[PDB]
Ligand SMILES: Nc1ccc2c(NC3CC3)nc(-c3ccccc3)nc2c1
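The data below hold one chain only, encoded as structure tokens and taken in the form solved without the named molecule.
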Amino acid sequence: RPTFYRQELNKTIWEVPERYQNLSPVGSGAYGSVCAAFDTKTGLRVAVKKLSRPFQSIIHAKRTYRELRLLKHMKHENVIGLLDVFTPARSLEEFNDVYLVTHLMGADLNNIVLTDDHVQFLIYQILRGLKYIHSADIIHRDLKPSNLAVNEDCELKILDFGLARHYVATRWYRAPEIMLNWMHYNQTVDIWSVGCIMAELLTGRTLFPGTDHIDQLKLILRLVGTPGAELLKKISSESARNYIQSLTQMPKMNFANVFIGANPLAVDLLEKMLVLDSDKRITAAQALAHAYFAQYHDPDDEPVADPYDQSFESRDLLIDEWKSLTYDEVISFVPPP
């Protein structure tokens, strides 16, 4: 039973425990908003995410539940972890609000903008966290520089703000198979994104700054070329395949000529990540074993996730039921050691 306080920031009432103080707005979108706070029970600086009308729809109530489940599951140095989760409501019937708390880590990756050595370490930690996440049958799906928390010492956490924002456009970092619904995507959609980030850290430019999905694809195929017969027949979507079949043929660009003056090991890795056929794209675990990361690679300290129960994903429930599952998850939360 902590003593909560009401307070209003920017738009909305935040009712949170007394321990958290000096809430400062950092982010708002359709799905919620984040503040920095000080936590007086630890002395450390936190992010406090308040979801907005968590249970306003089915899709929202499940999204809410999902986030709570994911964040509770994540126990990795290179991925966001849950310090606290709370609600004012002292009953399920009262429960309308969910606040998530985490260890604030400072800038994100585009604000933190870099030696080639920095690039290795950062891209190494991305892949390290990604190997973990992928090990739980989780696809991040929105991996861009704003969803990477980096501190003073270039230590990195993967997160997802997931606020619905309106600027780092998620399409800039999206693999074309998930962007244009070519086919049944896999986890390597995240590898593509890491490729774009890596590129960007090295050149300072966004790799593919497309203005929409059509421009996006244009820009992509300029570099990687248009798909051949082989990949074309993997685009199981006919409308998507017909569109591709109609584009002007583009040759793959030799990346050594594109990423001029880059560690040739970084170029080679790029080539392996920025593969259009996700059947051929390097994976997280494999990429960690690349020579680009020799200074960091340690197969003995590149850990995998405990088993993540996503049976719920196959459920069609009512708002009230998603809301009760969420509630259960809040009460069963036990903090960090």
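Between two forms, the rigid core is defined as the largest C-alpha subset superposing within 1.5 Å. Note that residue numbering follows the sequence shown and begins at 1.
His166, though modelled here, lacks coordinates in at least a third of the other entries of this protein that were compared and that model residues flanking it. Compared with other entries of the same protein, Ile112 falls in the group left without coordinates by at least a third of them, where both flanks are modelled. According to the record, the deposited sequence contains no missing residues between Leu247 and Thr248, so the chain is continuous there.
The modelled chain is continuous from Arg90 to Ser91, with every intervening residue of the deposited sequence accounted for. Looking at 38-46 and 301-309 together, the entry lists the larger mean B-factor for 38-46, computed on C-alpha atoms. Looking at 312-320 and 8-16 together, the entry lists the larger mean B-factor for 8-16, computed on C-alpha atoms. Among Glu230, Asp190, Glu77, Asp212, the highest C-alpha B-factor recorded in the PDB entry belongs to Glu230. Within the listed group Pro251, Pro264, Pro145, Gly106, the record reports its top CA B-factor for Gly106. Among the modelled residues of its chain, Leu68 has a C-alpha B-factor that falls in the lowest third according to the deposited record. The entry lists a Cα temperature factor for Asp160 that places it in the lowest third of the chain's modelled residues.
When the modelled residues of the chain are ordered by their C-alpha B factor, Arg128 lands in the lowest third. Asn186 sits in the highest third of its chain by CA B factor, as recorded in the PDB entry. When the modelled residues of the chain are ordered by C-alpha B-factor, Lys62 sits in the middle third.
The same protein also has a form solved in complex with the named molecule, omitted here; what follows describes it.
Taking the pose of the named molecule in the bound PDB entry and superimposing the nearby C-alphas onto this chain, the site is blocked, with at least three ligand atoms within 2.4 Å of backbone or C-beta atoms.
Only one of the listed residues (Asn96, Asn263, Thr203, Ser237) places a non-hydrogen atom within 4.5 angstroms of the named molecule in the bound PDB entry, and that residue is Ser237. For the chain shown alone, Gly195 is not a contact residue for the named molecule in the bound PDB entry, no non-hydrogen atom being within 4.5 angstroms. Of the heavy atoms in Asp309, none are within 4.5 Å of the named molecule in the bound PDB entry. The closest heavy atom approach of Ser52 to the named molecule in the bound PDB entry falls outside 4.5 Å. Residue contact check for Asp277: one or more of its heavy atoms lie within 4.5 Å of the named molecule in the bound PDB entry. Proximity of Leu223, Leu269 and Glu271 to the named molecule in the bound PDB entry is absent: no residue of the three has a non-hydrogen atom within 4.5 angstroms.
Residues are counted as partner-facing when one of their heavy atoms sits within 4.5 Å of the named molecule in the bound PDB entry; in 37-60 not one qualifies.
Large C-alpha shift between the shown form and the other one, rigid core held fixed: of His76, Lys131, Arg241, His140, this applies to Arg241 alone, with a displacement of 2 Å or more.
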